[PDB]
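Trainee: First the structure, then my questions, so here it is.
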Amino acid sequence: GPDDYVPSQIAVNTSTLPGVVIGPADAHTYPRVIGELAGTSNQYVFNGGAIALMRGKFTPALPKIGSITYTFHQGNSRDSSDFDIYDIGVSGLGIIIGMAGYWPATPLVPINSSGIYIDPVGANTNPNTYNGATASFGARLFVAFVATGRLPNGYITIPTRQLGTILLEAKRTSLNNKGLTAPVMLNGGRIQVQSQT
């Protein structure tokens, strides 16, 4: 009865990307980060059962197409990270992903492998580490767009894509055994691009 946790997705929205202004000095330089979506948060990525020691593991779902170093502006990272660049099905574009715990002081964890703990980050260096026993597991999501080649002017349609999942791991075996996941989404929309001289 204690393991009545349910997942809730976390998403970012294409419509929050600023218009992409491409200056002459950049137009032919790739890969390059071309803007950030607005960061989002969800207190309740997993919630509902008896309080538990929990942690969340991110599994990417998109094809890797390269890597790049970057420092996100949002989330207050001091130092860069190396990110996998992921295919979204649009020529000239890719995305990079960072995630963090719900608590705002927790650090951005770059997505650059098949699996990482997004919170607590100490689980990446200690297999016995979980968050302290509590009702909920939350997260923050950060996505940026990457130009991997030349882009046309005007509107560019971006499909909705499942970026990956967060897996609920727990110290309690009966909860861990459920293997609950929550989707991590990019909601589609249209970006705009304009070169300038």
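FYI, in the entry's author numbering the residues of the sequence shown are 1 to 197.
We put the CB at the ideal spot given by N, CA and C, even for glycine.
1. Which stretch, first to last residue, makes up the beta strand (DSSP E) that contains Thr157?
2. Looking only at its own chain, which residues have a Cβ that is under 6 Å from the Cβ of residue 200, when we skip the five neighbours before and after it?
3. Just the C-alpha distance for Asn177 and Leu167, rounded to the nearest angstrom, thanks.
4. Measure the C-alpha to C-alpha separation of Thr29 and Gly149 and round it to an integer number of angstroms.
5. Secondary structure at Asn112, three-state DSSP: helix, strand or coil?
6. Since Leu167 sits in a beta bridge, which residues does DSSP pair it with?
7. Report the partner residues of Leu186 according to the DSSP bridge assignment.
8. Report the residue from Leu141, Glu36, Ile191 and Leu93 whose alpha carbon sits nearest the alpha carbon of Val184.
9. Are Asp119 and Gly48 touching if we call contact CB-CB under 8 Å?
10. Buried or exposed: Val12, going by 16 or more other Cβ atoms within 10 Å of its Cβ?
11. Got a sec, what are the start and stop residues for the beta strand (DSSP E) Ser81 sits in?
12. If you check the beta carbons only, do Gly39 and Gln74 fall under 8 Å apart?
13. Do the segment 41-55 and the segment 67-86 meet, that is, are 3 or more Cβ pairs less than 8 Å apart?
14. Buried or exposed for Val143, please, with buried defined as at least 16 other CB atoms from any protein chain shown within 10 angstroms of its CB.
15. Could you spell out where the alpha helix (DSSP H) holding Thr173 opens and where it closes?
16. For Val21, which beta-bridge partners are listed by DSSP?
17. Contact defined as beta carbons within less than 8 Å: I believe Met54 pairs with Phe145. What is the distance between those atoms, to the nearest angstrom?
18. For a test of the three-state rule: what should DSSP assign to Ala27, helix, strand or coil?
Mentor: Per the coordinate set shown:
1. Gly154 to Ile158
2. Absent from the model: residue 200. The displayed extent of the chain is 1 to 197, so no value can be given.
3. 11 Å
4. 8 Å
5. coil
6. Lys57 and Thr181
7. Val12 and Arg161
8. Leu141
9. no
10. buried
11. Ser81 to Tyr86
12. yes
13. no
14. buried
15. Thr173 to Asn176
16. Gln194
17. No, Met54 and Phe145 are not in contact; Cβ-Cβ is about 31 Å, not under 8 Å.
18. coil
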